[PDB]
Structure formats: structure tokens, C-alpha cells
Amino acid sequence: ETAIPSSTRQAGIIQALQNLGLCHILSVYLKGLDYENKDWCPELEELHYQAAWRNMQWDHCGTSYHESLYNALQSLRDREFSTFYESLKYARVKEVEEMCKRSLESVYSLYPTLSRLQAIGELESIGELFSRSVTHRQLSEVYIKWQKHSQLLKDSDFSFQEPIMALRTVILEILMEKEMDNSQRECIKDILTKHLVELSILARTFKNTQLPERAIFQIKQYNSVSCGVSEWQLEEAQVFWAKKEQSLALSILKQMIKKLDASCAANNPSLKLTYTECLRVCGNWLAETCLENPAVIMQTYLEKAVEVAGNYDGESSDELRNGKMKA
Amino acid sequence: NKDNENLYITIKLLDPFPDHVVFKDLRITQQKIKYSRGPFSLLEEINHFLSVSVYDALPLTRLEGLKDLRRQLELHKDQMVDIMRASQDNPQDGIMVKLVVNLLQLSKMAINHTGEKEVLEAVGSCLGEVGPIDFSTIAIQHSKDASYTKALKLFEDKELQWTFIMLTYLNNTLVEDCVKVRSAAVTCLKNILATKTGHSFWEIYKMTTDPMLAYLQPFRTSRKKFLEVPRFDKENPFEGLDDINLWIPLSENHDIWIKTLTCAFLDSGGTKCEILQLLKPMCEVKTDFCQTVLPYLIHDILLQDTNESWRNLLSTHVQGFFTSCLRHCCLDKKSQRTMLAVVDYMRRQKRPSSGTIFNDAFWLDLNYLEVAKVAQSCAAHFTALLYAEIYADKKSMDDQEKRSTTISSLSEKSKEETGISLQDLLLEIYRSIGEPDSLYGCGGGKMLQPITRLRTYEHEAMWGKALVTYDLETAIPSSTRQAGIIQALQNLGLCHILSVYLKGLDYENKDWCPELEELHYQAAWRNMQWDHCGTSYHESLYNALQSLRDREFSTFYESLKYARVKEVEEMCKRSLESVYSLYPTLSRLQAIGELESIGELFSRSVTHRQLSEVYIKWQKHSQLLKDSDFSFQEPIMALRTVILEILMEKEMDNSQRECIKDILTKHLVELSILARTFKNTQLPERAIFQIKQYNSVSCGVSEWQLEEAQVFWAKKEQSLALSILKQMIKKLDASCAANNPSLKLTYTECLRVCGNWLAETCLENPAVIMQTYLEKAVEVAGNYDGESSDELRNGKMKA
Amino acid sequence: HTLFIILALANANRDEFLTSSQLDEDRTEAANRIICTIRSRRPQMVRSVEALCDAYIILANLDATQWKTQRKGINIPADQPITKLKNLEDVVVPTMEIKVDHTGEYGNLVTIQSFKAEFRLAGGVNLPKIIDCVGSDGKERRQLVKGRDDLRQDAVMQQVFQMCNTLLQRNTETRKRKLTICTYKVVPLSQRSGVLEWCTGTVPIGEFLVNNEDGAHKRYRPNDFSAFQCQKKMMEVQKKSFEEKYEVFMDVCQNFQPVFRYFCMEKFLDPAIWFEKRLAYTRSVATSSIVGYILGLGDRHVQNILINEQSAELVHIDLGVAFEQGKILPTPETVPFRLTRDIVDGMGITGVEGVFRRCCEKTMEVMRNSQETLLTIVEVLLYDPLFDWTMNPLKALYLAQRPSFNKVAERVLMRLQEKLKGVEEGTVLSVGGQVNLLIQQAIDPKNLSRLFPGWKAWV
Ligand SMILES: Nc1ncnc2c1ncn2[C@@H]1O[C@H](COP(=O)(O)OP(=O)(O)NP(=O)(O)O)[C@@H](O)[C@H]1O
Ligand SMILES: [Mg+2]
Ligand SMILES: [Zn+2]
């Protein structure tokens, strides 16, 4: 459609593109618009800044929300803490101002501001950790705090949670691209991998398939394939299952099970939960697809998962108790 | 000599003379001598055209016949439906597909010859009249001489069959310009016919009727003592052939390689048959003869092989040659094809020991996996597939014997032994074949890599999934990374997005590869971006469209002529073995032909009758493509929409442009219906929008509005579709009063569709649905008394 | 197309004439009235055909048990009236398929000219006679005459195959793949004897594979177990435990490798032709298996399946058992269709994956999309008074030998309906899921072990 005003025409296009991923396409599409048009309206300025910080286009460089967020991230990159807090303070003070002049009658009107203020607070909270030395204990507490606040948003809409998760991924990945000569960056890599797995799970719940695929790709950038399988690989099989690709999901898990059988010998407690869950999921998928007889499914996948969870005697744990119940 | 009865048959089959004043008198004589029996139908014209091909192998002499064949195909498109309706029972020998193969073979013969441009253009024009019609066949077959095949059946002895093949080749090579070849051949005829085997050949072959017998009468002589071929006992017959350098010189000199390899076999004392020893002088002057005789020589040696000494020597040398092909050295394609013919010939021969066909496939101890890869490299797709199955079967039997495994498992051993993955090899073999169902047979290899996933999405028309994967993955080469992106964007519509995306790429990159010219030109002409302004296909199409607007007809025909010629040349150099390879060429040639046909209408005055005939011709040819894939029909429909829109943007001060508007509206409705059938929703929505640009909303509803409701129904939006039709029915009730016959069909269909939709959605009780929608549709079509029509009869049946 | 139909009804009791319920006499009397109405305007055609029909019945009633060991051809006795009749220009060959035209005038049709004096015999519990019919064009046609058997059930099954063929043709998805069912004309002549088309150029799959003299298994795998050895072992474990049956079946399958893939290799040396024939074979098996499952076809043993030598397309014969009556046998049929190792091996290295699975899915989609049509046709068949599709102890014992109607029809219709909607075990299954279940059940070794040895599951 072309009769729609141009100002909102590309606003919807950019917003639709972002929700489907297509980060490279959106970047080129934004560049094409700037080439053909010299006048640069603020609402297109708002989206361009939003895409720049989401895609880590750090070479692009009153102030608006995404402009402050993009400026603060570069200030975080350059260790310019004086302006980093000032930009966040201006954004925090600004965002309340529009909320003041509204009607304040509908609860749904408060949600976009609360999500934005939460994102500002998380960026401010991680700033003190960035300024001082990086330690495992501080990183674990921040992730635990993020997880505890995330479960409080379990009933929130995906539109109010996605920007929060996007900033968390950007913040964590900014930490990794910092110089670390202490060789302890694996802690951040594990935290980012866990965060991206949670993002894939959250997006899968809201019937979204493009975002989980992007999260899996981001994980594979910082992770590799080894003898000991990991949880994000299992998440990829679940993501492909949600994409109505049953052959792809089953092939991933069958390869994963074969590797687990050859690798572990009831010696790794960490791989015990992954092995038990993977056998249970594959058996359920085969039963639903009716691609195997009940005798083989029970003998190879279902009872094997129960045997692995029970006979290994790796007791005294809470996750394993949940694993046995599902098995 | 028209009255001559013995010359009556041949004068009928000669090619028509060119249309000129000097050839006047001969023309009426030929037209009468051919049409003496009566008028020829389209099938008879095709059958007559094919018979002339087997006589003379000069494409220049067939130029007039190609133009004549084009005329019949253009004005007899109605009979092609009946011809196809007569050939689905046996589609292997379909008449239409044989014509396509024969024309392409004729184009190959015209390559590297004087006057090759006009003959290729005529073939392309002929291949433009018939599009990518589903021939219901996968493998391309070549015409074979029935008499030659019959003559082979007469001789039972293998040596006698060897004699007939050689003399037939020797008789054939007696008419070339070379005099040394002729002298060498005649000496061979004297030597072969003087032997006992040649004498035995004549007695068996004299019963049948063949001109070669009369040609060989002077060479034959009667002697009391039969010619004796001397036999020499070499001290070590294997020293000549036991040379790795001799088998693989490969110094970019195939002519001397085949000659030296053949000569070494002749000088070896292993050969027992007498006729072969006498072929040396002819082998030394022709390389083609050496390639032909080589399988017979190798077959001959293994017959009297003792203690498997020759078999072991040949097995390791042939295998060594094949292993050299798998390197990266840089062997010529001619050498590999010659050895493939040797392997293929030996596979059809019965071994002296009693056995089956599987045993006969192992005359030499060869690894068929390497041969299959070479065959795939030589574009022998079906040959490679058969060899791969033989290789897998042999190793499975070998493994079972050794012990006294799935496709993924067997491929693992193949990779660790010879470096070739069997399951990976089977992938491009099936892709080269192009059969859609066979692609799923071997897919377990390389599941997770994005490249394999992207082809699956493109094959299944999952353009949204492919678009996301293309953007996400970065390790894929950039040249094909965007090539998929523009291709995926175009199939989803997004014309404005694609235009901006293309502009963004040009801004960030200065170096510009040619395959991005092809897509940018494709998008420019599809989106009517006329301000963008060897030559490629879409470049010629875009240039011709601008030439069409500017009324520059001299370059418009020249650009189309160059595009038509260029398409055939790329078509000639391929394998020409798979029918699916023909479809992309036929579809592009059809689009060129349609644009050329419109040019004459555009140049002269525009009239209602001319436009109506063109649309009837378009619809007549469109239903011939009803079984074609959407990928081969969409570009044709896209060009039709553009050129119709080019006509509308022209100035018309006669106020008769409503005729073109109606044709475009009908064409876009058909495009929406065709896209809806192929489970496409973006294209029908775009077609509806294009209709609304040139159409409005009035008291009298139209058919495209009903199409929009059907499009929205296909988009799983039932409330939108029902609301459109309910408003449409309400206007129809108030507007028409059983006075407009045109609105009768629309009103009857609309009530029937809405009632069916309500029944499926269960949004209304049965009593109201019958009283308001179903019986009313029957009533409207029934008591209006607008009879004497065919569309109403179809409408009444549906109601 | 109808004159042979009415005479067969009117000649129900002519078998004993040449040598029950009130509905029988009423049908016979009404059929006679139609014949007299037919004979009123065209008497020469009626008299000519009934003479041909009588000749077939007399020829069928011939015992001819002495020439059981002869396979070269036996001269027809001069007492048979079929030899006397010649040049029947008013009789169209019943074996041939007659195209139906809108106009009432029929012209240029192939008529019966004469019959050859030599007839052959086919193996079986009875001795059917193979005769040659010469048409007007002079082209010989082979006809199979069967005695002591009901041929009306086979004729009914042929029409359903035509409906399945017609349904597959009108869908673009299956018309592109040329998914069709091989059919042969069946012309019943009485309640006890009949004549049917003989598929020229076709050989039984069992004759090609497990022949004692020149079987495919013997020729290609001499070191493996012989066909007799495998048959003997299965019969021994018949009166044993289920576990013993399973381990015997695995042991036999270990020493019996499929060799059916060599059928196309030895008959089509050209790689292009060989690929076409193999693709046609895979498509034919996939189409027949889905249709056979839909109609509940049973007793699909080696001798009931024919393969065309020229076209490599499977032909299904002996269609008396259908509508899942095979599960009612003393040895239940636990496989919807025959997908043994030989069948899968002939499909190529890919096996069931690829062409076979996609073609099965495409066929199932057509069956699902035409559910209302398919259910209506079966409803007409199931209420036919003369259609004896229900299983009886006499038929059950004959099929497996060793040395209220309304409630059943409704249950069969309900079972057919749930199949067409994808309901298998009370759950809704998609086309892909249903096809996967059918393929898995057919190739399951455990189900094959329970089956009757005469079905030759290992083959
Ligand atoms: N229509 C046919 N076309 C070709 N061959 C056929 C045909 N019908 C039967 N045969 C052959 O006849 C053999 C015996 O089968 P058949 O004629 O059905 O007698 P049968 O085995 O006794 N069947 P039945 O009488 O029901 O027990 C088969 O193995 C085929 O080789
Ligand atoms: Mg039988
Ligand atoms: Zn090289």
C-alpha cells in the first residue's frame, strides 16, 4: 500500500523487519532510505538509533530514549562513565515526563514505560560492575538478579519483555568484546549462553520462531562442538521442532544421543541431566511422529532415560529430582 | 521429373525453398507435390518436419523448414492440446518432446558453422512457440536408427557384429573432403572383406536390402585362398601396456593420447580377432575411430585372457586413470568420456564364465565410486546414479563376505578410503536430475549446514524461512548470499523493500559483480523502474521494454533477437540429458516470443479485435502450461502484466483504453487464481492492489472484487472474506433487478460461495443459509431466463 | 457395456444347465425381460453373444486334469462349440476396454474374428484355461478362463481401482507423478465360471524371485538359504511361542538377503531407461499400497502380485479379500500392505525414503480430499446384495490351508471413514504422520513374524 502516509509507512516496515530478525536486511534498508532522502524526520531517527544499538553499529556516531541508550552504550565502550550516567539520568528523567502528561487511566499505558525504565536500570546497575574489576561472584549475582526479576515478568507480554532481553544480550556481548588478559572470559560466555537459551525458550512460548533461530546462531558464534554436549544444542532441536521441521529436530537429537552414549560413562554429573532429558524428548517426539515401534522407543529412549537418571546414583540434587519426575 | 514414380517419394521430403521471386516456380511444384494427398494437420507437419532431419546434417538447409514449423505452431495452438491428450498414456515417446530434443540437437550441429545466428534464432523462435509444457518425462531420449538396430539383430556371433559396425563406420566415412581418410578407409575395406570373417558377413547380410551392399560391390573380390592376417608372438606382450605414463600423458593433447593408446593395443599380440588388426591404418588418420574401436579392443583382449594377467593389468591402469581425475591433473573432458564409454560398453557384455548382470559389470576390478564421480563431472547423471548403486552393492557384498550398515554408515567408510562420500555424491546427482521427490531420498547427509537447508526451503517455496536463514548466516559466500535474498524478496512481493535494499547494496559497495546486474535488471523491469538507464537475458528484456516505450523498433527487435540467440547458445553447451533442464530455457524463450508478438500490435494502430485475439492466444497457450511449475509460469505472467501496463501508460486520445483495462483486470484475476492454486498468498494480494489502482467501486460489482474475497479466504482470514461477500451481496440485491445478464453469473456465484463459507465456518443455522444464499443462487440462475449460454450452464451446475 | 452384464445375471444357473431366495428368481426374470427388450430391435447381436457366452461356460466346465504336467499347449477338443463360431462382427471383444462415446452410434470397433485351436494352463488349485482371441484387426489377445470360482468380486474391485485412477488423474499433484493403478478387465459369465483379462508380458514376483530352478535369490546368492529351506523353517515354528517365531524370522532374514533390485538392472541396460523404470516401479508400489490400505486389501502374497516386464509396474490380482477381512482370518494380517525387504530393495539405495514416501503422502492427500466421494462409492458396494465381501469359515479355511450384515457394513464404513480422516487409534494424524505409521507397520519385523508362512514375509 502507498496511500498510507510515508512517515508511518517505513515506521511499520522497520518495526515489522525487526520483529522478524533480518538485522542485515534492516541495516541495508535503512541505508537505502537515507540515500534516497535527505530530510531526516525524528521518528525515523528513533528507529535508526534503535537498530544501531541492537545491531552494535557503533560506527554510526532533545535526546530521545533510544538515542540515549545508543549514546550510553558507546560511553560504556569508551569507559566515559561521567557521561554514561548523565545520559542514563537524562533518559530516566525524560521518560517519566511523557508519562506525567498522559491521562493515566489505563494500566496498559504504563507497561511500555516500565519496560523502558527497567532496561535503563539494568544498564545502570551493570555500569558499576564494568568500572571496577570483573569477578565471577559479581557476575553470578547479576545474572541471578536478572533471573529473579525475569520470573516476575512471566505474565508480561512479549512486546514488553523483548527489549529487556535485547539489552541484556547487548550488555553481555559488550563485556566479552572488552579486553580480558586474565583468561576468565568463559564465565561471561557461559552466562550469555544461558541467557540466550532462556531468550529462545521465552520466544518459543510466544509462538515466535525467528528470534530463537537468531539466538541459536549467536550461541554458535561463541561456542563450538565437542565430545561433551551442552544445553543450547538441545535448545536448537526444540527450536527446529517448533518450526514444524520434525526430521531436522530428530536428526539433531539422534546425533546428540549417539555422541552422549560414546562420551559419558556415568562419570559426569553435569551431562547426566542433559542425557536424561534428551532421551525423554526424542522418545516423545518419535511416539508423536509414529516413526518407531513402541518396543524400540521404550527400550532405547524412555526406559534408558529412567535408568540413566536413577541407576547412576548421582543423587542429592534438585534439578535431578525434576528430571526423574519428567522421565 | 515430377511424374517420376521412383523420385516421387524423395522430392516430397526435401526442404522448402526460401521465399523469393527466383524460387517461385519450384515452390508451387513442391507445395503441390507434398500436399497432393491433402491438407496436413499440426501433428502431420511435425511428423513431416522430423523425417527431413535424418537425411542431411546441415542446419543451413533447414532454415526455411524452421520458419515453416514456427508458422504452424503459432496458428494451430488448439491442436497441441489434442496432441498432448494423445501422449500421456505413453509419455516416453511423446511427439512434442522429441521435437524439442531434435531442435536442440540441430542447434548443437550449427555451433561453430557459417550462418549459425539465424538458425539458432529460428530454433529459439520455434522453442518460443511451445513453452515449458509438462512432458511427463524425466530422462531425455535420443532418436536411434531402427534399420541399424535391426541389422545388429541379424548377426549372432560377436565377431560378425564387430565386422558390421566397422564397415558401416567405414562406409560412412567415404564421403568426407579428406583424401587420406578415403584412401585409408578403402584399404581397410579391401583387407576386411578379403578375410574369412568378412566373407561370412556378406552371406548373412546379403539377404536384407541396404545401399551399403551396392557400395561395397567393387571392393569385394573372389579368391580361392582366404586372406591370412599374420600373427606375431611377442616375448612379453604386457610391456607395451604396462606403462603409467602411456595411460595418462594428459599434456592437453587428447588426439595423440587416443591414437597412441589405440596403436599400443594393436601392436600387442593379445588380440585374436583378425578384423581388428587390419584397422591400424584407419586409426592413425581419425581420432573418432580410435575412440569407437577402443572398447572393442579392450573387450577383445579380455576374451582370451589367461590367468587373469590382462585383467589385472587393465584393472590397475584404468583405475589409476580414474584416480587421476579425482585429483584437484586437469584432464580434458574428451578423454574422460572416452573411458566412460569403454566402461559402459564392457558393462553390457556377457563374461565367458556363467553369471548374472552384476558379475558382467565387473569385467575389470574397478572402484565404481570414482567412475560415478567422473560421470557426474562429465554430466552423465543417470550413468553416475547407476554406477553409485553398483559401487554400494559391491562393497556391501564384499563386507558380508569379509565378515563371514546404512547409507550414512557406508559413506563414512567411503570417505576414509577414497576420500569420496557416497551420500554426498548422491546429492548433486539427484539435484542434477531435478526430480522433486528424489531429493528427499538422500538428505540425511549434511543436515545442519545452512546451504543444504536453504535449497530445501527454496524447493518447498518456504520463502520466509529462507529469507531469515539468508540474513542470519554470514559464512555463506556474499555473491550467493544476496542472490538468494533478492530472489526470496521477489517471491514474497516486497517490491518497494527490494528497491530500497538494492539501493543500499550499491551505496555500500563499489565493486559490482555481474550476477547482481542480472537481479537488478530483473527487478528494474518488473518494478517498471525505467530511470535506471555481453548483454544478458534480463538486460535485453529491460532494454527492449525501454525501446518499446520510445518506439525504437529497430533496436527492440535486435535486442530480442540477440536475447533469443544467446539463450540457445547457453542451452547448447549443457549436458542435454535431463528434461527439467529444458524448462527454464523454454519459459524464457516463451516470454521473449510474447514480447515480440506484441511489438507488431504496438507499432501499428490499436484495435479491440487485435487485443482480443492476443488475449485469446495467451489464454490458449496458458492452459497448455496448466501442469507446469509455478517457477516456470510466474515470469511469463509477470511480463504479461508489465507489457499490458506499458500499453496503458501510452497516450490514447481515442478514449478506448477501457478495453486494455478490462484485459489487464482479467489477466490479473487469472494470475491471482494461478498463484492461489500454488499455495501463494503474497502474489494474489499484489494483483488485487494493482487492479484497484485502475478500477473503482461502483453500483455494479465486478469479478475481481469476488477474487479478492477468495484471496483473503486463502489467507486464513474468514471474517474479512465473509464481510466482503456480505457487502457484495447486499449491493447486488439493491442494484440488479434481473436486468443485467453480466451480473447474473457474479450474483449466482457470490451467493453460492458465501453460503458454502458460512456452512464451513458454522456461523449461521442451516435454515437461513439455504433460504438466503443457496436456494437464492439457484433461483437467480434459474428464473431469470437468461439462457442460451455456456457460462450459465457451468454456473447452474455449481449452484 | 451392459449386454454382458444382464446375461451374467440371467445365466446364474446355466452352469448346470449346460452340463434360492425369491430375489434370485425376480432378478433372473427381470434380467430376461431386459434381454427380450434388447433382442426386439437387435436380435442378431443378442443371439451371437449368448452363443459366445455358452461356449465360454462349456469351455470353463471342461475338467482337463490330464494335462496338468503339460506346459507347451494343448489343442482344444473339436467338441467345444467355441471352435465353430467365427467372424462375429456384432460381438466386441469382452477382454478389451471399450471407450464410451456420447453418441449412441458405435463404429470401427474391434470384433471377435476367430479363436486359436491351442490353449494353455496356469498353476493353482484349479486349472484355468488360457485361450487366444483374434480381433478384427488380426491382433491376438490372451484371455484367462477360470472355473469353480466367483469372478464378480474381482470385477467390483476393478471399478474402485478405476475410480481411484480417475480421482488421481484429476489432481495436478498426482497427475504430474503419473500415479495410476494397473487394471485388467474382468467379465463374469455366471455364478460359478467367468473370464478375465490376461496380463501379457507380466510375471509373478514370486516366480521371478524364489523360483526353485532359476530364481533370483538362487542365481545371485547361491550361498544363502534356499527358498525351500526358509519355507520349511517357518512352518516348524508355527506351533511355538511368539518369541521363538521372532528369533526364527530374524535368523532366516539374516541368511536371506533381498535381490529384487536386479530386476531393473538386467532388463534395462541404458541408465536413462533404467532410472525411468525404477522410478515407475517405486511410484506404482506407493500408489497401490495406499489404495490397498484404504480399501483394506489383503492376501497380497507373492503369487497375487504381477510385475510388468516392459513397464516395471506392479499389477494386483486376486482381489477377493478386502475391507480388512484379512484380519478376521485365523492368522491375522498385521500389515496394511506388502512392503517386504524385496519390495524396498527394488526401490533403490534410498529405500522407502524419497520417492516412495512423497508419493505415498501425495496419494493420501488425494484420498483425504475425496473422502465424501470415496465413502459414497464404498457405501454403494457394501449394500449390494450380490457382493459377498463378508468372510465365512469356508473361505477362511481355504485361504489358510496346510497339509447381522448391517452392523458389519456400518463398522466397515466407520473404519473406512476414520482412515480417510487420518484417525488410526482415536487421534488425529496428519498425512505425513499417517504415512509414516503405515510404512513403519509394514516394515516392522515383529508383525511379519506373526504372519502366515504362505504369505512369504521373508520374501
Ligand atoms: N489377470 C491375470 N493376468 C495374468 N496372469 C494371471 C491373471 N490371473 C491369474 N494369473 C496367473 O494365474 C496364477 C494363479 O492365480 P489364479 O488364476 O488367481 O488362481 P488361484 O491362485 O487359484 N486364485 P484362487 O482361485 O482365488 O485361489 C497366478 O500366479 C498368475 O500367474
Ligand atoms: Mg492367487
Ligand atoms: Zn587438475
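Residues numbered from 1 in each chain as written, not as in the entry; some residues may be left out. Chains lettered and ligands numbered in written order. Part of a larger assembly, values for the part shown. Heavy atoms only, no water.

- In its metadata, the entry names cryo-EM as the structure determination method and reports 2.6 Å as the resolution.

Some thoughts on the site of ligand 1
Residue and element names in this part refer to chain C.
For step 1, the next point in the chain: Around ligand 1 sit 16 residues, and of these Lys146, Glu197, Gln303, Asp318 and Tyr398 come closest.
For step 2, the next point in the chain: Take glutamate 197: an N or O atom from its main chain is 2.8 Å from a nitrogen atom of ligand 1.
For step 3, the next point in the chain: Contacts to ligand 1 include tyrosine 398, whose side-chain N or O atom sits 2.4 Å from an oxygen atom.
For step 4, the next point in the chain: For ligand 1, the accessible surface in isolation is 600 Å², of which the surrounding protein chains cover 85%.
For step 5, the next point in the chain: For the shell around ligand 1, the elements supplying multiple residues, two or more each, are β6 (140–147) and β8 (193–197).
For step 6, the next point in the chain: Looking at the shell around ligand 1 residue by residue, the class counts come to nine nonpolar, three polar and four charged. (Near = heavy atom within 4 Å. Polar contact = N/O pair within 3.5 Å; in protein donor to acceptor, adjacent residues only side chain to side chain. Areas by Shrake-Rupley, 256 points an atom, 1.4 Å probe, with all protein chains shown as cover. Helix = DSSP H or I, 4+ residues; strand = E, 2+ residues; numbered from the N terminus. Nonpolar A, V, L, I, M, F, W, Y, C, P; charged D, E, K, R; others polar.)

Thoughts on the nonpolar core
In summary, soluble globular proteins display a tendency toward joint burial of nonpolar side chains.
For step 1, the next point in the chain: Counting 188 residues, the largest nonpolar core has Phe265 of chain B together with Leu339 of chain C as the members making the most contacts within it.
For step 2, the next point in the chain: Top element by residues in this core is helix α12 (residues 271–294) of chain C. It accounts for ten residues.
For step 3, the next point in the chain: Look past the residues within four positions of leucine 339 of chain C in its chain and what remains in contact with it is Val285, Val344, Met347, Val352, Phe356, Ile439, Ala442 and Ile443 of chain C. (Core = buried A, V, L, I, M, F, W, Y, C linked by side-chain atoms within 4.5 Å. Buried < 20%, exposed > 50% of the residue type's maximum accessible area, 1.4 Å probe, protein only. Contact = heavy atoms within 4.5 Å.)

With respect to a nonpolar patch on the surface
For step 1, the next point in the chain: A surface patch of nonpolar side chains, about 500 Å² in accessible area, is lined by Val107, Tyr108, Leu110, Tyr111 and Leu114 of chain A.
For step 2, the next point in the chain: Along the polypeptide, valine 107 of chain A turns up in the loop between α5 (81–101) and α6 (110–131). (Patch = residues over 30% accessible without salt bridge, like charges linked within 9 Å, V, L, I, M, F, W, Y side chains within 5 Å. Salt bridge = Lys/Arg side-chain N within 4 Å of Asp/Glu carboxyl O.)

Re the environment of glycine 493 of chain B
All names here are of chain B.
For step 1, the next point in the chain: Tracing the backbone shows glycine 493 in the loop between α27 (478–491) and α28 (495–508).
For step 2, the next point in the chain: Linking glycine 493 and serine 409, residues 84 residues apart in sequence, is a C-alpha distance of 43 Å.
For step 3, the next point in the chain: In this structure, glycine 493 is in contact with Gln682 and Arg686, ignoring residues within four places of it in sequence.

What to know about the coordination of the zinc ion (ligand 3)
For step 1, the next point in the chain: At this site the zinc ion (ligand 3) is bound by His328 of chain B (ND1), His328 of chain B (NE2), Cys329 of chain B (SG), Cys330 of chain B (N) and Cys330 of chain B (SG), with donor distances of 2.3 to 2.5 Å.
For step 2, the next point in the chain: Relative accessible area serves as the criterion here: at 42%, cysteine 330 of chain B is assigned to the partly exposed category. (Donors = N, O, S within 2.8 Å, 3.2 Å for Na, K, Ca; no water.)

Some thoughts on the interface of chain B and chain A
For step 1, the next point in the chain: Opposite the 25 residues of chain B that make contact, chain A presents 28 residues.
For step 2, the next point in the chain: Buried surface at the junction of chain B and chain A, both sides included, amounts to about 2500 Å², of which 70% is carbon and sulfur.
For step 3, the next point in the chain: Remark: the boundary between chain B and chain A carries four salt bridges.
For step 4, the next point in the chain: With its nearest N and O atoms 3.7 Å apart, the salt bridge here joins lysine 31 of chain A to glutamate 508 of chain B.
For step 5, the next point in the chain: For the pair chain B and chain A, the interface holds nine residue pairs in polar contact.
For step 6, the next point in the chain: Counting only elements with at least two residues in the side of chain B that touches chain A, the list comes to α25 (450–459), α26 (463–472), α27 and α28 of chain B.
For step 7, the next point in the chain: When residues of the side of chain B that touches chain A are assigned to their parent elements, the largest contribution, nine residues, is made by α28 of chain B.
For step 8, the next point in the chain: Taken together, the residues of the side of chain B that touches chain A sort by class into 13 nonpolar, five polar and seven charged. (Buried area = accessible area lost by both parts, 1.4 Å probe.)

With respect to helix α17 (residues 405–420) of chain C
Residue and element names in this part refer to chain C.
For step 1, the next point in the chain: For α17, with 16 residues, the first-to-last C-alpha span of 23 Å sits near the 22 Å given by 1.5 Å per residue.
For step 2, the next point in the chain: Residues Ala409, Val412, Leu413, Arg415, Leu416, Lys419 and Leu420 constitute the buried set of α17. Looking down the long axis of α17, one finds its buried residues gathered within 160° of arc, a one-sided arrangement.
For step 3, the next point in the chain: Those residues of α17 that are buried are in contact with α12, α14 (355–369), α15 (371–382) and α18 (431–443). (Expected span 1.5 Å × (residues − 1). Arc of directions from axis to C-beta.)

Side note on the interface of chain B and chain C
For step 1, the next point in the chain: On the side of chain C, 31 residues touch chain B, which itself brings 35 residues to the contact.
For step 2, the next point in the chain: Of the roughly 3000 Å² buried where chain B meets chain C, counting both sides, 59% is carbon and sulfur surface.
For step 3, the next point in the chain: Among the residues of chain B in contact with chain C, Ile357, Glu389 and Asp437 of chain B are the three that bury the most area, contributing 19% of the side total.
For step 4, the next point in the chain: Run the count over chain B and chain C and you get nine salt bridges.
For step 5, the next point in the chain: Linking chain B to chain C there are 16 residue pairs in polar contact.
For step 6, the next point in the chain: Elements supplying a minimum of two residues to the side of chain B that touches chain C: α20 (357–360), α22 (381–403) and α24 (422–433) of chain B.
For step 7, the next point in the chain: Counting residues per element, the side of chain B that touches chain C draws most heavily on α22 of chain B, at ten residues.
For step 8, the next point in the chain: Along the lines of polarity and charge, the residues of the side of chain B that touches chain C split into 17 nonpolar, eight polar and ten charged.

Some thoughts on the pairing of β6 of chain C
Residue and element names in this part refer to chain C.
For step 1, the next point in the chain: The buried fraction of β6 is high, at six of eight residues.
For step 2, the next point in the chain: Here six bridges tie strand β5 (residues 129–135) to β6, and the two strands are oriented antiparallel to one another. Bridge pairing links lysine 129 to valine 145 in β6.
For step 3, the next point in the chain: Between β5 and β6, which pair antiparallel and follow one another directly, the connecting turn spans four residues, one of which, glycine 138, has a positive phi of 85°.
For step 4, the next point in the chain: For β6 and β8, the ladder comprises five bridges, and the chain directions are antiparallel. Opposite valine 145, over in β8, you have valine 195 as the bridge partner. (Pairing = 2+ DSSP bridges.)

Quick notes on the packing of helix α30 (residues 537–549) of chain B against helix α31 (residues 553–572) of chain B
All names here are of chain B.
For step 1, the next point in the chain: The geometry of α30 relative to α31 is characterised by a closest axis approach of 8 Å and an angle of 165° between their N-to-C directions. Compared by their axis directions, α30 and α31 come out roughly antiparallel. Note that α30 runs across α31; the crossing there is left-handed. Here α30 contributes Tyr537, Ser540, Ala544, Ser547 and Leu548 to the contact with α31, which in turn contributes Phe553, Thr555, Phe556, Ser559, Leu560, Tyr562, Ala563 and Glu567.
For step 2, the next point in the chain: Split by residue class, the contact of α30 with α31 holds eight nonpolar, four polar and one charged. (Axes fitted to C-alpha atoms, helices over the stretch in contact; angles between N-to-C directions. Parallel < 35°, antiparallel > 145°, perpendicular 65-115°, else oblique. Left-handed = near helix turned anticlockwise from the far one by under 90°.)

Digging into the environment of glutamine 118 of chain A
Residues and elements named next belong to chain A.
For step 1, the next point in the chain: Tracing the backbone shows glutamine 118 in helix α6.
For step 2, the next point in the chain: Taking the relative accessible area as the measure of exposure, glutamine 118 reaches 13% and is therefore buried.
For step 3, the next point in the chain: Beyond its immediate sequence surroundings of up to four residues, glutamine 118 is in contact with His149, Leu153, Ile164 and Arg168.
For step 4, the next point in the chain: Looking at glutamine 118, its side chain comes within polar contact range of the side chain of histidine 149, at 3.5 Å.

With respect to unusual backbone geometry
For step 1, the next point in the chain: With phi around 45°, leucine 250 of chain B is a residue other than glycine that occupies positive phi space.
For step 2, the next point in the chain: If you trace the backbone, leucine 250 of chain B turns up in the loop between α13 (244–247) and α14 (254–267).

Considerations on the packing of aromatic side chains
In this description, an aromatic ring pair is defined by two values, namely the gap between the centres and the angle between the planes.
For step 1, the next point in the chain: Considering all chains together, one arrives at 49 aromatic pairs over all chains under this definition.
For step 2, the next point in the chain: When the centroid spacing of 5.6 Å and the interplanar angle of 20° are considered together, the rings of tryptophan 58 of chain A and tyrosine 70 of chain A count as stacked. For the pair shown, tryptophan 58 of chain A and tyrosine 70 of chain A are each scored as buried.
For step 3, the next point in the chain: Taking the centre distance of 6.1 Å and the plane angle of 75° together, the rings of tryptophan 67 of chain C and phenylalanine 119 of chain C count as edge-to-face. Of the two residues, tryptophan 67 of chain C is situated in the loop between α4 (43–61) and β1 (74–75) and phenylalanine 119 of chain C in strand β4 (residues 118–121); the sequence distance between them amounts to 52 residues. Neither residue differs from the other here; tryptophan 67 of chain C and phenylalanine 119 of chain C are each classed as buried.
For step 4, the next point in the chain: In textbook terms, an aromatic cluster arises when at least three aromatic residues are bridged by ring pairs, as seen for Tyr148, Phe155, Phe164, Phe201, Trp202 and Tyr205 of chain B. (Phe/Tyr/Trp six-rings, centres within 6.5 Å; stacked < 30°, edge-to-face > 60°.)

Details of the pattern of salt bridges
For step 1, the next point in the chain: One pass over the full model with this rule turns up 76 salt bridges over all chains.
For step 2, the next point in the chain: We note a salt bridge from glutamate 128 of chain A to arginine 132 of chain A, for which the minimum N-O separation is 2.5 Å.
For step 3, the next point in the chain: For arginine 132 of chain A, a relative accessible area of 47% puts it in the partly exposed group.
For step 4, the next point in the chain: A salt bridge links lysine 395 of chain B to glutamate 417 of chain B, with the shortest nitrogen-to-oxygen separation between them at 2.9 Å.
For step 5, the next point in the chain: Owing to a relative accessible area of 55%, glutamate 417 of chain B belongs among the exposed residues under this scheme.
For step 6, the next point in the chain: The structure contains a network of salt bridges with shared partners spanning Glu213, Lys243 and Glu245 of chain A together with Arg453, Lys465 and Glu473 of chain B.

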